[PDB]
DNA sequence: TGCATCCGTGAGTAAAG
DNA sequence: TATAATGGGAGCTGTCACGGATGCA
Ligand SMILES: [Mg+2]
Ligand SMILES: [Zn+2]
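Residue numbers (PDB author numbering), protein chains in the order written: chain H, 78 to 423; chain Z, 342 to 390; chain U, 397 to 621; chain F, 3 to 170; chain G, 1252 to 1355; chain V, 1023 to 1118; chain C, 780 to 828; chain L, 99 to 146.
The structure is reproduced here in structure tokens:
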């Protein structure tokens, strides 16, 4: 029913390691990575493709997919080919294959054994914009990174090194996903520094700070205008389905008018403008009207240069400019006489 | 009642900061985020039925 | 519960492989497989261990359900249900009628049952879920965008957890979360808790809610405006 | 032509992809500084269309002479902006997901087709029990595994990965 | 004293009323059987016999040894329209619904 | 609303009133030319300021929104003709 | 005539309203005691009797 | 006051929690410049 | 073949808000 | 990037009637 209860149960299935089992699993992981290095040395294959093949066989045919970094599409055919090229090795060479397989199995069991630590850390990051489960999964990603980077030779328990990458992944996800308008990680850091600074200023000032006080407390390079611009850029959107009034009757978005689509008055005024422009252009000859329509973009949407209109009509650019000028002059005279286009100039 | 709810949220934040942090230097000012209480009261007075 | 088979020469199967009775384990084919199980090559002990287990295909989720639905031969089922319609017990006739109704709906329509399972999820045009600047420079936006963002974050993290070979508990959790993300996108509130925005008890407004009710599309904007 | 009927039917993944003009790959809406849509996000003009009539995102093509042209620099068609109300996109899922309408609208159409009760369809769909598609000659608790059988997690692990235990 | 808008709704939805009257599934003649503790009514055809057991204080619209039509009311109260439909047919139910609605 | 220079709501029951009168054309005006037939409302305003009779309306935009919101639920909704051949109410603007 | 850079967005009297102006309040960013929400340069209020 | 149980250290301070709206003389409030009134609510009394 | 029991769903219009 | 850290909190409640699916005896 409750998905977090279900995941907590599945987590409570795998038992917690003893120091010996932890050291053993970590050791097998390290030696398996070394063995994949050695198998790349021998076979001259790609270390990542080798790792993917060993992983594919350890997990089963249940999961097989194309990996982004690999140059070849990872399907059971090619994994069988590579597994056969591996199985045709001498004993002291083929030994590294068993090493790598056991290392991958240890990797899986180490992650599964330490899945509870992720939960016990992530429970303290709720309410920052991410679901509990979302935090748990991002922490599990951190746990996978920790497993792949751990060094058992340092004699540190695994929890210590894993907590670092777990916090890292949780905080990266909070910084990368919480906002509907995405903000770069460094800008989120600056925004939260501003928040904490203003909260300290209010906790010492007995009131909310002004922009200038926050600029003071922020140091050099910070003035009131920059605090204001940072607060402006940090503003989060609001829901169009926000309730208005105390019934379930109206949404906030219902009062927002559409500025994009033209109003019927706008469309009609554009139509009357085009028709009056054709009216005034019919008082010119066909050539001066066509030159004006070409030079202003009413024919094909774009404005032509004098050289293009002159090449189209077969005249010099000075002549096409002169007939454009006389067309404009006739239009100015007709407009002064009839005043049929003034009101459209707003 | 709304004050009590804001206080409960403030206390959750307080314990959150108590678990971590340099426990040599932790003042009351370093543990109290007044924002949840402020928000609860502001909500009651602006958008309550 | 395993079966031991020591070896003296080059072994032919590696750790993790699935073994059936009659499979060659090691020593050029001399030592072979007795029971069904999974191969644990022990180089310390120089024995090829086999822990008894079947290669059983048992899945979870909409992937399993989609497989089964693809596997339905509709005419065959129609025949079985017609035979069931001749049964004395009224309950069995009733159930076979209720099932045969769905079967014949799919048959006469030309819709594949598996289509009730989504592989590609459609995305509404952006103007129908706007992101608009209200008078004064702030932004207002539809809830569908946050539902789609939940969906896309969880789907992307699933693709990465797969590409990075994650354990089964984790992939299972991700897949559960993905199904629930889709469910909230389409009919938020229907199963389980309704998805809310942070710092608010208000349920987000999904596609079903846009379609139905007093304020739904039909009654609010199509049968009257 | 004149509209006379309106049909409604299920849509295949191929049909849904036929509607889509692009896959939405990033959970991002618009850029916090430019206030322009992000690439491969929910508002991308490459997918859904131009924001301004007959004008691509960068600005290379800005009149009606270009119609249907897809800009090479930014990839936005030059048509009317009204199309941002009509052009679908799609999300390609890693794992298929059930359309809740066909699950929770009792009696469930899926669960009726497969003779699966509401509880069983819930348990399989939200990852609480396995279901067998091939037993590969498995045997559980003295009876062989029949297809479409509901195994708990303990049972599936005992069958697929064998029995064992460790004692201190 | 009426039932009003709830009665109209109970009719338009064809809901089996709470204070439902009992009707005869067949024709026949009536034979009452009333112990001081229990009460029943029997409708007897020329080869058939139906038994309608009902609580003690129910008001009867029937006199002993009378000839009742199939679907005729025996108890007082509102007739179940679906029982009327099975016993007496569509025209009977149409008459009943129209008249009962018009009463309000 | 008056503050938004808004229009009156002609709701479900007002529609029933127009139906019971058999004012098919008055009703169709309410549903298209006066509310959300974009081309229709523009063309009506232009015809009236020119002195012409108002044009025959076309599809209300909210029905197009309904079609697209059903597509968003993986339901294919298809306007057909009497020959059961699809009709495009989107005028090609959303078919590749 | 060149098209001016700006456009008329003035606050006019809505339909069916009006009267006699009796108060104007003006607040500007950079003025003593005054701080508006981020972004706004100035706020003007007119009271009509 | 903060107290570490083992250390015995006791640090004390008066912290600022924000503002509480005051009620005017006539029993009303002033929230964001507009007078508001909190309406008493009737409910089932606790008990058995 | 019959009942109790549970889950889902709907519960007036316009106005202002 | 390294002390060790390993299973969560919030429910929140004066209808109501029906219809249809599930559950028992
Ligand atoms: Mg400064
Ligand atoms: Zn471009």
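Where is the CB? At the ideal position from N, CA and C, for every residue including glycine.
Buried versus exposed, by CB contacts within 10 Å (16 or more), residue i
| i | result |
| --- | --- |
| residue 18/F | buried |
| residue 421/H | exposed |
| residue 596/U | exposed |
| residue 521/U | buried |
| residue 131/F | buried |
| residue 575/U | buried |
| residue 1064/V | buried |
| residue 1083/V | buried |
| residue 171/F | Look at the range of chain F in this structure, 3 to 170, and you will see that residue 171/F is not part of it. |
| residue 339/H | exposed |
| residue 105/H | buried |
| residue 511/U | buried |
Where residue i sits in the DSSP three-state scheme
| i | result |
| --- | --- |
| residue 234/H | coil |
| residue 512/U | helix |
| residue 89/L | Beyond the ends of chain L as shown, which are 99 and 146, falls residue 89/L; an answer cannot be given. |
| residue 92/F | strand |
| residue 1056/V | coil |
| residue 377/U | Given a span of 397 to 621 for chain U in the structure shown, any question on residue 377/U remains unanswerable. |
| residue 56/F | coil |
| residue 123/H | coil |
| residue 250/H | helix |
| residue 196/H | helix |
| residue 1296/G | coil |
| residue 1283/G | strand |
| residue 807/C | strand |
Member of the options whose CA lies at the smallest distance from the CA of residue i
| i | options | result |
| --- | --- | --- |
| residue 129/H | 116/H, 151/H, 119/H, 118/H | 151/H |
| residue 452/U | 157/F, 169/F, 170/F | 157/F |
| residue 139/F | 614/U, 446/U, 454/U, 618/U | 454/U |
| residue 1076/V | 1050/V, 1087/V, 1026/V | 1050/V |
| residue 471/U | 446/U, 465/U, 500/U, 583/U | 500/U |
| residue 395/H | 368/H, 98/H, 269/H, 175/H | 368/H |
| residue 1273/G | 1285/G, 1329/G, 1317/G, 1346/G | 1329/G |
| residue 537/U | 543/U, 527/U, 544/U, 531/U | 527/U |
| residue 1091/V | 69/F, 99/F, 21/F, 100/F | 21/F |
| residue 1281/G | 1350/G, 1336/G, 1325/G | 1325/G |
| residue 407/U | 539/U, 399/U, 421/U | 421/U |
| residue 329/H | 317/H, 340/H, 336/H, 279/H | 317/H |
| residue 383/H | 375/H, 377/H, 274/H, 400/H | 400/H |
| residue 220/H | 321/H, 143/H, 242/H | 242/H |
Contact belief for residue i with residue j at Cβ below 8 Å, rounded distance in angstroms
| i | j | result |
| --- | --- | --- |
| residue 439/H | residue 235/H | Outside the modelled stretch of chain H, which goes from 78 to 423, sits residue 439/H, for which no answer is possible. |
| residue 26/F | residue 93/F | 6 Å |
| residue 55/F | residue 83/F | 5 Å |
| residue 67/F | residue 379/H | 6 Å |
| residue 153/F | residue 134/F | 7 Å |
Cβ-heavy atom distance, residue i to ligand 4, below 7 Å
| i | result |
| --- | --- |
| residue 352/Z | Among the ligands present in this structure, namely ligand 1 and ligand 2, ligand 4 is not found. |
>> Which runs of the beta strand (DSSP E) at least 3 residues long sit entirely within the segment 98–141 of chain F? Give them in chain order.
In response: Counting whole runs of 3 or more residues, the segment 98–141 of chain F contains the beta strand (DSSP E) stretches 132–136.
>> To test your reading of the DSSP string, which unbroken beta strand (DSSP E) runs of 3 or more residues are found completely within the segment 1068–1117 of chain V?
In response: Within the segment 1068–1117 of chain V, the runs of beta strand (DSSP E) at least 3 residues long that lie entirely inside it are, in chain order, 1097–1102.
> In the segment 293–366 of chain H, which residue ranges form an unbroken alpha helix (DSSP H) of at least 4 residues, counting only runs that do not cross its ends?
Replying inline: Within the segment 293–366 of chain H, the complete alpha helix (DSSP H) runs of at least 4 residues are 301–310, 341–358.
> Which runs of the alpha helix (DSSP H) spanning at least 4 residues fall entirely within the segment 348–387 of chain Z, listed in chain order?
Replying inline: Counting only runs of at least 4 residues, the segment 348–387 of chain Z fully encloses no alpha helix (DSSP H) element at all.
> Could you give the uninterrupted runs of the beta strand (DSSP E) lying entirely in the segment 455–495 of chain U, keeping only those of 3 residues or more?
Replying inline: Counting only runs of at least 3 residues, the segment 455–495 of chain U fully encloses no beta strand (DSSP E) element at all.
>> In chain order, what are the residue ranges of uninterrupted alpha helix (DSSP H) at least 4 long that sit wholly in the segment 516–570 of chain U?
In response: Qualifying alpha helix (DSSP H) stretches, in chain order: 539–559.
> Hey, which unbroken runs of the beta strand (DSSP E) at 3 residues or more fall wholly within the segment 1319–1355 of chain G?
Replying inline: With a minimum length of 3 residues, no continuous beta strand (DSSP E) run stays inside the segment 1319–1355 of chain G.
> At which residue ranges does the segment 412–439 of chain U contain complete beta strand (DSSP E) runs of 3 or more residues, listed in the order of the chain?
Replying inline: For the segment 412–439 of chain U, whole beta strand (DSSP E) runs of length 3 or above, ordered along the chain, are 420–422, 433–438.
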